[PDB]
């Protein structure tokens, strides 16, 4: 399985709290989108294959599996404008994190080639360890804003 770093669990709750309880939304478009984040993990240092896979799944799974019910309308709006715009360019770090908790199953045929699964698993965990190390800069309530009384 994909173990989430302990250091990142509290953020997972704060993320859920900001959206779900405080009725706030992550600032869209993102100032530090998924693309940017993946590009930095890459340069830091195949990785290319890893970064592409993460992006593709994110682009498919956001909108379908990574949004809380309170964020749907906000999502409908970004699409309302550009229905073909990439999601990995609009959203940021918190949503990228959500992917890893909703990917443990979305990594589906891999269990077949146990040797590859291990490898891939190794890279996902390392990337996760990367996010964990940089939590300070990546996950912050500063990137969230209260939703307009209209949004409701």
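Residue numbers count along the first chain shown, from 1.
- Unmodelled residues of the deposited sequence between residue 45 and residue 46: 10 or more.
- Of the two segments examined, 97 to 105 and 63 to 71, it is 97 to 105 that shows the higher average Cα temperature factor in the deposited entry.
- Legend: mean Cα B-factor per stretch from the PDB entry, 12 to 20 versus 130 to 138; the higher mean is in 130 to 138.
- Of the candidates 54, 28, 34, 117, the PDB record gives 117 the highest C-alpha temperature factor.
- For residue 6, the recorded CA temperature factor ranks within the lowest third of the chain's modelled residues.
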